[PDB]
Amino acid sequence: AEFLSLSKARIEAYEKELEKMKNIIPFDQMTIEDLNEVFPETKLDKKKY
Amino acid sequence: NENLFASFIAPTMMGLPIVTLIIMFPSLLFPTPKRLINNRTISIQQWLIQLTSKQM
């Protein structure tokens with residue numbers, strides 16, 4: 001009972017993780033902030049290289 | 001005595017006209033886009049920085 005539902009939320013969160021990936025880009029030239037969800041940004045002095 | 005060069009005597013003038021316009025003007029040659037894909041004239045300015053930011 002528990003393992004079929006604990007995998008179901010892991011199926012439900014994975015069903016939400018891909019549908020948010022379709023939200024980010026409506027076109028190749030789409031947006032500079034909607035592409036700023038998957039690829040990350042951070043605080044000052046994170047990216048060393 | 002075939003080819004005689006000439007010269008002209010004239011003052012060579014580094015005058016000082018109104019400068020604070022002339023300083024600001026090579027800022028507006030470079031634009032900055034708020035978009036993901038850009039418009040193929042900033043895109044070769046944006047590449048030219050990537051190079052020489054990887055040597056300093």
# chains A, B, ... in the order shown; residues from 1 in each chain; ligands from 1
>>> residues_around(residues="residue 41 in chain B", least_positions_apart="5", cutoff="10 Å", atoms="only C-alpha atoms", output="list in words")
residues 30, 31 and 46 of chain B
>>> residues_around(residues="range 20-37 of chain A", least_positions_apart="5", cutoff="12 Å", atoms="only C-alpha atoms", output="list in words")
residues 13, 14, 15 and 42 of chain A; 33, 34, 35, 36, 37, 38 and 39 of chain B
>>> atom_distance(atom1="CA of residue 17 in chain A", atom2="CA of residue 38 in chain A")
10.5 Å
>>> atom_distance(atom1="CA of residue 18 in chain A", atom2="CA of residue 39 in chain A")
14.6 Å
>>> select_by_dssp(residues="chain B", states="alpha helix (DSSP H)", output="ChimeraX atom specification")
/B:19-22,43-53
>>> write_last_selection(atoms="C-alpha atoms", output="short mmCIF file (atom, residue, chain, number, x, y, z; two decimals), in the first residue's frame")
data_model
loop_
_atom_site.label_atom_id
_atom_site.label_comp_id
_atom_site.auth_asym_id
_atom_site.auth_seq_id
_atom_site.Cartn_x
_atom_site.Cartn_y
_atom_site.Cartn_z
CA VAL B 19 34.74 66.59 -25.26
CA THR B 20 31.98 65.26 -23.01
CA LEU B 21 29.87 64.43 -26.05
CA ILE B 22 32.76 62.70 -27.78
CA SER B 43 26.20 38.30 -31.29
CA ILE B 44 29.65 38.95 -32.73
CA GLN B 45 30.29 41.52 -30.04
CA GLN B 46 29.21 39.00 -27.38
CA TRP B 47 31.57 36.38 -28.78
CA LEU B 48 34.51 38.77 -28.93
CA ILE B 49 34.37 39.31 -25.17
CA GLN B 50 34.17 35.62 -24.41
CA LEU B 51 37.56 35.16 -26.00
CA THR B 52 39.54 37.80 -24.15
CA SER B 53 37.76 37.21 -20.89
#
